[PDB]
Amino acid sequence: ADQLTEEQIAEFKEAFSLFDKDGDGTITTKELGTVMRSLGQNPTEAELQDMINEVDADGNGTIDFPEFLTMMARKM
Ligand SMILES: [Ca+2]
Ligand SMILES: [Ca+2]
């Protein structure tokens with residue numbers, strides 16, 4: 001696997017949009033909490049900040065498409 005599968009990426013892309021309720025191309029902690037809550041997960045503000053920090057490599061403070069791609073890949 002040189003780069004990645006165009007399908008696996010797409011599936012994650014559609015998942016990125018579902019979480020991007022504002023469509024601004026930037027998943028914030030508030031949006032990540034809404035989703036995690038819909039999946040039955042109750043993350044705290046400190047956990048969302050750290051969960052985002054472990055993957056926020058641009059230092060923007062939020063997860064975008066490529067950043068969310070990496071994060072989901074880490075879940076294996
Ligand atoms: Ca968003
Ligand atoms: Ca980031």
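For the sequence shown, counting from 1, position 3 maps to 3 in the entry's author numbering; every step adds exactly one.
All C-beta atoms in this analysis are idealised placements derived from N, C-alpha and C, irrespective of residue type, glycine included.
The Cβ atoms of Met71 and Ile63 sit closer than 8 angstroms to each other.
One Cα belongs to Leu48, the other to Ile9, and the distance between them is close to 23 angstroms. Taking the C-beta atoms as reference points, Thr29 is found nearer than 8 angstroms to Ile52.
Taking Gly61 as reference, the option from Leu32, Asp2, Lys13, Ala15 with the minimal CA-CA separation is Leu32. Listed by position in the chain, the residues whose beta carbon lies within less than 5 angstroms of some heavy atom of ligand 2 are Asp56, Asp58, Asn60, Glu67. Taking non-hydrogen atoms of ligand 1 into account, the C-beta of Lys21 is found less than 7 angstroms away from one of them. By the C-beta density criterion, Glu45 is exposed, having fewer than 16 other C-beta atoms within 10 angstroms.
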